Structures are given as structure tokens and as C-alpha cells.
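S.K.: Before anything else, here's the structure in question.
What follows is calculated from the coordinates using simple rules that are stated; it is not laboratory data. Methodologically, a virtual Cβ is constructed for each residue, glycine included, from the backbone with ideal geometry; neighbour enumeration extends over all protein chains shown.
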Amino acid sequence: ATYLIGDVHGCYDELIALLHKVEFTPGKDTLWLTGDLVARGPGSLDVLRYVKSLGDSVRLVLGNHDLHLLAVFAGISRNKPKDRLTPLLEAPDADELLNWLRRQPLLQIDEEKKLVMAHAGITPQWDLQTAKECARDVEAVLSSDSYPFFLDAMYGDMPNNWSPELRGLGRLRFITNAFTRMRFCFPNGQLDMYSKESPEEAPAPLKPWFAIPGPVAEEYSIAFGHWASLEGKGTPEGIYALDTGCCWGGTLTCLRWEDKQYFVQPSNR
Ligand SMILES: [Mn+2]
Ligand SMILES: [Mn+2]
């Protein structure tokens, strides 16, 4: 079976209990994770160790908190106490865990299920081939010896409009925001980087990225995490919002792909 779980945010206890509920069996089963494995929750260190041990029984995409973790580790960015990253940053195997973490994809595609995963979704301004090229480009810089320069360059909110003629730092920033930060879109598809409210509370003319028809969503299902204020609600057919705010006192949600059945683990916080 194929299982998809949203933002774990260090909620190791709830992750293991959810996986025991469905009797997840490495080897017979595969786990897809929407990223943001770390921060906010108490057990970011245990979650990384466990997800890394899954090997090819796990298909991960990196979220914005994963990237922030890598920026702190490399001394690019300052640690926020609220993130509870210190046990992970101070662990003896932190190098091993974070070098593995930076080599993970931004995008996962399964042609047989016609299923696509990214942390925040697929911008409607991208077709599949553009999405893949963009993920390859940012993954290539993240798995390189020079990744702290990228992590520094990535921070920013412009440009917010895709073009195949975007070059250099601006192309990198947009790619990073589209995969890990996107929520709302203007009618033309351009990213809005500031609103994190629910769709009904958002100011016009903002609509959610998935309410704007795009080439990927028309041929593929898309699963994503990231957008907690959506609460997993209000998406169209074929769009699966899996982040139900576990770290925030919501729930950890698992979707089994074969039968589209949901399993829910309440937050222990
Ligand atoms: Mn996120
Ligand atoms: Mn998140």
C-alpha cells in the first residue's frame, strides 16, 4: 500500500502511532511525506532518524522548515527558540542527518498513479516538464558542496511571476517559493507571499493556487502539505491537502492511495 502523510513537524509520537494504526510495513508499503518534518514539535531529531532509515520506502519532498533547518545548520540563519531544533542541531549524527536531508527531492512524481507531490503544490504557471526542470535545478544546488550560498540566496519574495527567461538568483528564489511557500495566487497565476489565512478569509482577488486550472492538475492528482489554515478542506477533485496542523494541536492525517481512505491521529499537545 501507498500512504501519504502531511506535515509531521517533529511530532514523532503521533507519526509512529499513525503508522502503527495502518500497520505500515517497510518493503510491502511506501510512505510519501509532504515535508516540514522538523521544527515546532518536540521530536524533530527522532523524526529525521526514522524517516532516513526508511530508505526507498519513503518518498519525501522538502518543505520550508526543512530548508530553514538547513540554513541554521550552515550558519546562514539564526535559530528560533520556538522551533525546538537544538537537540537535532546538537546531536552527534547531525551532520549525517542533515547531509541526507539536503539531498532529498522537492518534487515526487509517480506516473503509474499519475500522482504528484510537492510541499506547497504546483504553481498553475508550470507544466510538468517545467516543474521537473525547476526541481532538478534547486535539488542540484542543495546537494552540492556549495549549498550554503544557495540557502542564503533563496531568501526573498520576488520575483513572483514565472517566465522561462528568469535567470540567476531570481529564478532560484521563485522556484523555492513556488515549491515551499505558495498558498494564494492572483488571477494571472502570480504568487502572493504574504497571506496565510484560509481561502474564505483571504482578501480578493486572491484565490488558492489549486483554484486556478493548470496543466499539471489537469493530468495528475496533486498531494501537498504546508497550508495548515486550509485544515485539509475545500480542495477540488484530484487535489489532496494533507496538512491538518498536528504540531498546532490539530491532527496528523494519513491517506492510503489505493482506496483513498483517511486515517487520523490526534495531536498529543
Ligand atoms: Mn510548510
Ligand atoms: Mn508546515
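S.K.: Which ordering of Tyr194, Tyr155 is given by a fewest-first count of other beta-carbon atoms within 10 Å?
M.R.: On the way: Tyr194 11, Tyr155 14.
Going from least to most buried by this count: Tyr194, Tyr155.
S.K.: Still on this structure, please answer the following. Please state the relative contact order of the stretch 1-61 as a whole percent: Cα pairs under 8 Å, 6+ residues apart?
M.R.: Numbers: 92 pairs, mean separation 27.1, N = 61.
Relative contact order for the stretch 1-61 comes out at 44 percent.
S.K.: I've got another one for you. For the chain, what mean projected area does the convex hull of the alpha carbons give, in nm²?
M.R.: On the way: hull surface 52.9 nm².
It is 13.2 nm².
S.K.: Still on this structure, please answer the following. Long-range amide H contacts for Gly245: which residues qualify at under 5 Å (H placed 1.01 Å from N, peptide plane, sequence gap of 5 or more or a different chain)?
M.R.: Placed amide hydrogens put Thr251 under 5 Å from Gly245.
S.K.: Can I ask one more? From the phi angles alone, apply the Karplus equation (6.51, -1.76, 1.60; θ = phi - 60°) to the stretch 233-238 and give each ³J(HN,Hα) in whole Hz, x where the residue is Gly or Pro.
M.R.: Values per residue, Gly and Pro as x: 10, x, 9, x, 4, x Hz.
S.K.: Right, here's the next one. Skipping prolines and chain starts, which residues have an amide H placed within reach, meaning under 5 Å, of the one on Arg59, given they are 5 or more residues away or on another chain?
M.R.: Answer set, sorted by chain and number: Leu31, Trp32, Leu33.
S.K.: In nm, to one decimal, how far is the modelled label at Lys21 from the one at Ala94, with both set 7 Å along Cα→Cβ?
M.R.: Between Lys21 and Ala94, the simple spin-label model gives 3.3 nm.
S.K.: Would you work out the charge dipole size for the stretch 67-149 about its Cα centre, treating the Cβ of every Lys and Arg as +1 and the Cβ of every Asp and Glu as -1, and quote it to the nearest 20 debye? Before the final figure, lay out the partial values.
M.R.: Details: 10 positive and 13 negative charges, 79 e Å.
Its charge dipole is roughly 380 debye.
S.K.: Same structure again: Looking at the chain as a GNM with Cα springs under 10 Å, which of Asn188, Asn161, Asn64 has the largest mean-square fluctuation?
M.R.: Result: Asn188 has the largest fluctuation of those listed.
S.K.: In deg cm²/dmol, rounded to 500, what helix-only [θ] at 222 nm does the chain give when every DSSP H run of at least 4 residues adds -39500 (n - 2.57) and the total is split over its residues?
M.R.: Numbers: 9 runs with 84 residues, N = 269.
Mean residue ellipticity, 222 nm, calculated: -9000 deg cm²/dmol.
S.K.: Here is a follow-up. Nothing charged except the Cβ atoms of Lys and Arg (+1) and of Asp and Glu (-1): what's the magnitude of the dipole of the stretch 1-139 about its Cα centre? Round to the nearest 20 debye.
M.R.: Values: 16 positive and 21 negative charges, 53 e Å.
Charge dipole, the stretch 1-139, about its Cα centre: 260 debye, nearest 20.
S.K.: What relative contact order, as a whole-number percentage, does the stretch 2-266 give when Cα pairs under 8 Å and 6 or more residues apart are counted? All intermediate terms of the calculation are to be shown ahead of the outcome.
M.R.: Working: 524 pairs, mean separation 62.8, N = 265.
Answer for the stretch 2-266 is 24 percent.
S.K.: Give me the percent of DSSP beta bridges within the chain that run antiparallel, rounded to the nearest 5.
M.R.: Details: 17 of 32 bridges.
Taking every DSSP beta bridge within the chain, about 55 percent pair in antiparallel fashion.
S.K.: Using Cβ counts within 10 Å as a stand-in for footprinting exposure, how do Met193, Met117 rank, fewest first? Working shown, then result.
M.R.: Numbers: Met193 15, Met117 27.
With the sparsest Cβ surroundings first, the list reads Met193, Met117.
S.K.: Now, a different point. What length, rounded to one decimal in nm, is gained on full extension from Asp157 through to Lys196, with 0.36 nm per residue of separation minus their alpha-carbon distance?
M.R.: Values: separation 39, 0.36 × 39 = 14.04 nm, distance 1.42 nm.
Full extension from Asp157 to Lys196 adds 12.6 nm.
S.K.: Answer with one residue from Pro42, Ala17, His226: the one whose Cα lies farthest towards the positive end of the charge dipole of the chain, charges on Cβ with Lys, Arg +1 and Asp, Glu -1.
M.R.: In the chain, that residue is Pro42.
S.K.: Which one, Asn177, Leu255, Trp126, projects farthest toward the positive side of the charge dipole computed for the stretch 2-266 from Cβ point charges (K/R +1, D/E -1)?
M.R.: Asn177
S.K.: A follow-up question, please. If you place +1 on the Cβ of every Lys and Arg, -1 on the Cβ of every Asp and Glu, and leave all else neutral, what size is the dipole of the chain about its Cα centre, to the nearest 20 Debye? Walk me through the intermediate numbers first.
M.R.: Values: 27 positive and 36 negative charges, 84 e Å.
It comes to approximately 400 debye.
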